[PDB]
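Step one of this worksheet: look at the structure below.
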Amino acid sequence: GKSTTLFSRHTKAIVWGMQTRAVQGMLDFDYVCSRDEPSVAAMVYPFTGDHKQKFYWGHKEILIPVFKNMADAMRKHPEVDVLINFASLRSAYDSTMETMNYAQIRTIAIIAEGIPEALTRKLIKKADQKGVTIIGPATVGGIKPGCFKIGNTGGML
Amino acid sequence: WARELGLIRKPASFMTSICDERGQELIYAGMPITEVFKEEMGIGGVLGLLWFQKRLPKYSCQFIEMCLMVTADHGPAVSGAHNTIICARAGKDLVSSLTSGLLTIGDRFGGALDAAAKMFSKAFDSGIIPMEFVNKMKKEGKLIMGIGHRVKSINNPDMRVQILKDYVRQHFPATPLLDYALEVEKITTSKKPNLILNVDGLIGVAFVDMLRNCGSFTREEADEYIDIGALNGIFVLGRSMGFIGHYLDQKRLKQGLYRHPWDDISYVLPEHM
Amino acid sequence: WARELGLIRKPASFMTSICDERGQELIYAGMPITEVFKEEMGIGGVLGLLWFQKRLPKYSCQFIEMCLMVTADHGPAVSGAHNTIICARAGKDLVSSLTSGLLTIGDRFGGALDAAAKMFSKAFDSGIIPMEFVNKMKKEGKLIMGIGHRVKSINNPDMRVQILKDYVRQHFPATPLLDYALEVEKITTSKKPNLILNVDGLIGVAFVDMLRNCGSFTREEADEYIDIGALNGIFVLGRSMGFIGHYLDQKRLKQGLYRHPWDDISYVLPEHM
Amino acid sequence: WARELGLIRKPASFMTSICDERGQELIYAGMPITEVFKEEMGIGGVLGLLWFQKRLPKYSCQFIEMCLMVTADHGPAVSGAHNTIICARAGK
């Protein structure tokens, strides 16, 4: 039960973890491909409050919300289909198992390094019956030029 | 040079949404300088703009001008003005001896404005009847702030709390708090021959009745601006003009250094250590 | 008790000839509180009484009210208002963050009022011609204070220095200083495309032209009250309302603590000790 | 990020030749923190460093420590200490 076209010019994604440089490193890629809307909908970090983080779409200032729980990421904005985690190895697993219960997400990619091989094989059973493509750990990320870019793939501009 | 032709970026601190100063004319919160005198508003008019950023209408501009005009200096006995005489007799200057005197506005002198608004704005909006508000307090201690006066209360009024009393009666529709303020008075004036609303007590409610009765402040700039403490802003702008007047008197008469003699001290040093 | 029936003595400190406060009505420098509103003078009227103890006539009461209305905030970059944002971001309260703000008015910011009166009151009363006053200074250094402006001087005024220029032209007979002030301007405007009288420079002379032209001040309260520094009193009463206007702005937007990052510091510690 | 690889410039205010704080150890005017206690100088020793930036020798370090020890408070009558009682009674 997977999709076929993973990313497009209308794709929106939500990152996990205060990694604002890579969020800025993702946002400028939308500007050089002249995409109509920004792609990063929210930043999920449970150890701050709920406010709006400033970034620079081109020259202007844009306000991306920071949320505390994953369900409030779903409420106002259920159109997000790609969820990313940038947390370390010590909290990677619990941020993933609760995530795939929400079936509106269609693609999940894991970056963290140091994961046990059982926790590696714990994740694959759940997305097998549900149909979400996993591009998981020890990964720098993926690129669909003109449309979408994950992570610090390519580095700076 | 490289930022001027716009190629790098910079994040920006220092939000400061008041008083555009670069360009050709100093714009205030919504208005250039020369446009202010064409309407010709008083310094209450800039007291609306520089504090609340709304064009406050000129029936209440004259109220807040009248409001700090009656909260001027109150005599040299009070522990606010008593410091700034001492730092005048030591002969420092004006502005390092004005700033010693505003240091005493706190939680046991002169901040009775802030207690005589947050005791009443709570007990009206989430409020109760007058003769249980007084009943609730008088089973706990915690006397009503803004109320209490040693000299003139009943059949002999304060003669300046009544100056404001008609000026809030004419040009002020929709006064819930002040008519709720007088009804806490009438029960208490029967209870004691003292306990009229003090001049700090009325301004504790005449200023919040300026906000939520006038336009351009709905319910969210009306409560938060009393929550930050802009009501203290009326006071330490007011008592500041008297301290310098206390100060300039203490330098014209050319007094010497003060010493506070030993026959009040009564040292309580212990036996031996 | 024993002093009440008057048998002992006591010497008295604390001269304080202002603000009678015991009794039934607060008497100001010559007047009870209620009599002030029957003439209905503004707070310039109490600014005459609490500072100068003379009934100042109400053509000039509106001048000193207009005088502090134009010496409000001058922008959040200036080293006066820059401190009081910092003590706002650290979140102390209002009156300790007004306290750190007025402590910067000294001899290299904002006290240029005091230099732009005592450079001209000396060089007019014991004075000389305009084109040797400028000649005397420009063989020594020591530039004329109150004069100098980076942006708009000639064919393009600052639009508020001219605002006061007509209000001192109508209701002000006998102006020796200001007509002597403009004649130091005309020689210098030919000398440089900058160097108009600043807004601080005009008030340095429009205020001393308020004293020795109006009545009830002869020539002995007119000079000493500039000598004590009451003209600084116009400034730190004026800039005190803009500082709080920064402070209420800097607390509504709910900012965090400031840090001033390392990439301007360039530590110059020596080699070894 | 641009200034990190050093391509632009910036002029610098804030001269402040005291107390290097970034790095691993707080260096004082000529010395790290831990080296101060290996000589074990008193707070007169840091009173030489933080004010005069010279390693002041420890026969006079005990002098300036003794110097402020005798210029302590002088009783509540004096107009310096008289203010800070008043702003104590107001309870700030």
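Here the Cβ is made from the backbone with ideal geometry for all residues, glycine too, and neighbour counts use every protein chain on show. Read-outs: derived from the displayed coordinates by stated rules, not from any lab.
Here are the numbers for this structure:
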quantity: Among D:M41, D:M31, D:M15: highest mean-square fluctuation, GNM of chain D, C-alpha pairs under 10 Å; calculated: D:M15
quantity: Relative contact order [Cα under 8 Å, 6+ residues apart], the range C:151-273, whole percent; calculated: 22
quantity: FRET efficiency for D:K54 and C:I265, using Cβ-Cβ distance with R0 set to 22 Å, rounded to 0.05; calculated: 0.45
quantity: Using a Förster distance of 45 Å, the FRET efficiency for D:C87-C:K191 (Cβ separation, nearest 0.05); calculated: 0.30
quantity: Relative contact order %, the range B:50-139, counting alpha carbon pairs below 8 Å whose residues are six or more apart; calculated: 18
quantity: Difference of contour (0.36 nm per residue) and Cα-Cα distance, D:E35 to D:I8; calculated: 5.9 nm
quantity: Residue among A:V140, A:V82, A:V44 with the largest mean-square fluctuation in a Gaussian network model of chain A, springs linking Cα atoms under 10 Å; calculated: A:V140
quantity: Kyte-Doolittle at least 0.0, axis length at least 27 Å by Cα - qualifying DSSP helices, chain B; calculated: B:230-252
quantity: Sites C:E140 and D:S17 - FRET efficiency at Förster radius 22 Å, r taken between beta-carbons, to 0.05; calculated: 0.05
quantity: Top positive-direction residue, dipole computed over the protein assembly as shown with Cβ charges, set A:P46, B:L202, D:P76; calculated: A:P46
quantity: Cα gyration tensor shape of the protein assembly as shown, rounded if a/c is under 1.5, else prolate or oblate by comparing a/b with b/c; calculated: prolate
quantity: Net charge of Cβ neighbours under 10 Å - reference B:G45; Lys, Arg +1; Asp, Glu -1; calculated: -1
quantity: Label point distance in nm, B:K165-A:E61, each placed 7 Å from Cα along Cα→Cβ; calculated: 5.0
quantity: Per-q log10 I(q)/I(0), chain A, q = 0.10, 0.11, 0.13, 0.15 Å⁻¹ (Debye; single scatterer per alpha-carbon; no solvent); calculated: -0.34, -0.41, -0.58, -0.79
quantity: Charged-residue dipole, Cβ positions (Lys, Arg, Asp, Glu), chain D about Cα centre, Debye nearest 20; calculated: 400
quantity: Filtered trypsin sites (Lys or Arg not before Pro), the range A:50-96: DSSP coil and at most 11 other beta carbons within 10 Å; calculated: A:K60, A:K76
quantity: Cα gyration tensor category, rounded, prolate or oblate, for the range A:113-157 with a/c compared to 1.5; calculated: oblate
quantity: Rounded to 10°, Cα long-axis angle of helix A:117-130 versus longest principal axis of chain A; calculated: 80
quantity: Net charge of Cβ neighbours under 13 Å - reference A:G1; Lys, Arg +1; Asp, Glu -1; calculated: +3
quantity: Cα centre as origin, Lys/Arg/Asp/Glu Cβ charges: the range B:189-273 dipole, Debye; calculated: 500
quantity: Euclidean distance between Cα centres, the range C:196-212 to the range C:70-123, Å; calculated: 19
quantity: Where only alpha carbons of the range C:76-199 are counted, the Rg and the Dmax (Å); calculated: 18.0, 54
quantity: Local electrostatic count at D:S13 - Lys and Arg +1, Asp and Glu -1, tallied over other residues with Cβ under 15 Å; calculated: 0
quantity: For the range C:1-61, diffusion coefficient by Stokes-Einstein and Kirkwood Rh (Cα), 20 °C, 1.002 mPa s, µm²/s; calculated: 156
quantity: Separation in nanometres of the label points that stand 7 Å from Cα toward Cβ, at A:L119 and B:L182; calculated: 7.1
quantity: Two-site label geometry, A:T48 and C:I128: point separation in nm, points 7 Å out along Cα→Cβ; calculated: 6.5
quantity: Inter-part distance where the range B:1-51 and the range A:23-95 are each reduced to a Cα centre, Å; calculated: 34
quantity: Relative contact order, percent, chain B [alpha-carbon distance under 8 Å, six or more residues apart]; calculated: 23
quantity: Considering only chain A, percent of DSSP beta bridges that pair antiparallel, nearest 5; calculated: 35
quantity: Shape call, chain B: gyration tensor on alpha carbons, a/c limit 1.5; calculated: oblate
